[PDB]
Structures are given as C-alpha cells and as structure tokens.
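Quick notes on the structure that follows.
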Amino acid sequence: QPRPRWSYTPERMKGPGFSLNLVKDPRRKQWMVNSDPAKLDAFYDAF
RNA sequence: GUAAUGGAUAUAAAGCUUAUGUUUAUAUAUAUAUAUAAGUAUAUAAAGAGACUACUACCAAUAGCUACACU
Ligand SMILES: [Mg+2]
C-alpha cells in the first residue's frame, strides 16, 4: 500500500535539515497549511 | 520623498558543468634493451592562380544617318 503524494515529501529530496539562507524576521517563517482531507472536501462541496 | 541593472521579502540545497594554469615512455624481469616519449586532424594557406558576375579601358561589329560626288 503506497502513500498519497500530497501527504509526505520524498525522503531523498531533503538534505541537511537546516536552512542555509538568512532571514530578516523569524516571524515570517511561520505559516499554517491545511492537511485535513475532511476540511478540503468541505470546500469543494461549497464551490 | 528618495533608492534598485548582483532590487526586495520568503523558499529549496551539499564530493564540484569555475570565461584559469602546469605536466603527459614503451618492452622485459625481479636492473637491462630501444632512443623524446599520451594520442589525434570528418581542422587549418594565398607568393600567385581558376571560374562566374560587375566596373574601367581598348576596339568598331550591329544599328541610325549622308547620293545628281555611286549604280
Ligand atoms: Mg554601318
């Protein structure tokens, strides 16, 4: 049984695990993305 | 209001696709022999010359003109 491609990232495409580029504001590094399939279906049944 | 030709704020990454250099021996055996030694040319001439076209010359064919001085 494989995994849905939208759920995970290919393990072999990741690298060191830390970010090599500098950021001016650490607050801009945060953003909440949706991962609930049920919540995604609540939008299609509307639109 | 002013600034950006490598702007700005985020995002991803890792044994080398750098506009840069120097070097380049066969055979045999467990030193001897041979004599420059990585290999390569589906790349590279113009002292002069050929062909085609054009220009400048020379030349006077073709064409036009001249007969009571030709027939
Ligand atoms: Mg004539």
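Ligands are numbered from 1 in the order shown, chains are lettered A, B, ... in the order of the structure tokens, and residues start at 1 in each chain.
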
Discussion item. With 12 Å as the limit and counting only C-alpha atoms (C1' of nucleotides), what residues in chain A lie close to chain B? Please list them as a PyMOL selection string.
Written reply: chain A and resi 12-31

Would you tabulate, counting only C-alpha atoms (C1' of nucleotides) and all ligand atoms, all residues of chain B that have an atom at most 10 Å from an atom of ligand 1, showing the closest pair of atoms and their distance in Å to one decimal, sorted by chain then ascending number, as a tab-separated table?
```
residue	atom	partner	partner_atom_place_in_ligand_line	distance
B:61	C1'	ligand 1	1 (Mg)	9.1
B:62	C1'	ligand 1	1 (Mg)	7.7
B:63	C1'	ligand 1	1 (Mg)	7.0
B:64	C1'	ligand 1	1 (Mg)	8.2
B:65	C1'	ligand 1	1 (Mg)	9.4
```

Worksheet item: Contacts of segment 16-26 of chain B at 12 Å or less, counting only C-alpha atoms (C1' of nucleotides), minus same-chain residues fewer than 2 places along, as a count of residues only?
Response: 9

Worksheet entry | Who sits within 12 Å of segment 34-44 of chain A, only C-alpha atoms (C1' of nucleotides), same chain under 6 positions skipped, as JSON, numbers by chain | {"A": [4, 6, 7, 8]}

Discussion item. Taking only chain A into account, list the residues labelled alpha helix (DSSP H) by DSSP (computed from the backbone), as a list in words.
Written reply: residues 37, 38, 39, 40, 41, 42, 43 and 44 of chain A

Restrict the selected residues to N, CA, C and O atoms and save them as a compact mmCIF listing (two decimals), in the first residue's frame.
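Output saved as selection.txt:
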```txt
# COMPACT_ATOMS: atom_id res chain seq x y z
N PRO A 37 -8.04 16.05 5.12
CA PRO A 37 -8.85 15.77 3.93
C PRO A 37 -10.31 16.14 4.10
O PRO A 37 -10.95 16.59 3.14
N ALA A 38 -10.86 15.97 5.31
CA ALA A 38 -12.26 16.31 5.53
C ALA A 38 -12.50 17.80 5.32
O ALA A 38 -13.54 18.20 4.77
N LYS A 39 -11.56 18.65 5.75
CA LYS A 39 -11.73 20.08 5.57
C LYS A 39 -11.62 20.48 4.11
O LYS A 39 -12.26 21.45 3.68
N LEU A 40 -10.82 19.76 3.33
CA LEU A 40 -10.71 20.06 1.90
C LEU A 40 -11.98 19.71 1.16
O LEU A 40 -12.35 20.39 0.19
N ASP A 41 -12.68 18.65 1.58
CA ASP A 41 -13.93 18.28 0.93
C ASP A 41 -15.06 19.23 1.31
O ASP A 41 -16.05 19.31 0.58
N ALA A 42 -14.94 19.94 2.43
CA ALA A 42 -15.96 20.91 2.81
C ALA A 42 -15.93 22.14 1.91
O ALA A 42 -16.91 22.89 1.88
N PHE A 43 -14.84 22.36 1.18
CA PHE A 43 -14.73 23.49 0.27
C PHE A 43 -15.23 23.15 -1.12
O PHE A 43 -15.87 23.98 -1.77
N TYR A 44 -14.95 21.93 -1.60
CA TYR A 44 -15.44 21.54 -2.92
C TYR A 44 -16.96 21.42 -2.93
O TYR A 44 -17.61 21.86 -3.88
```
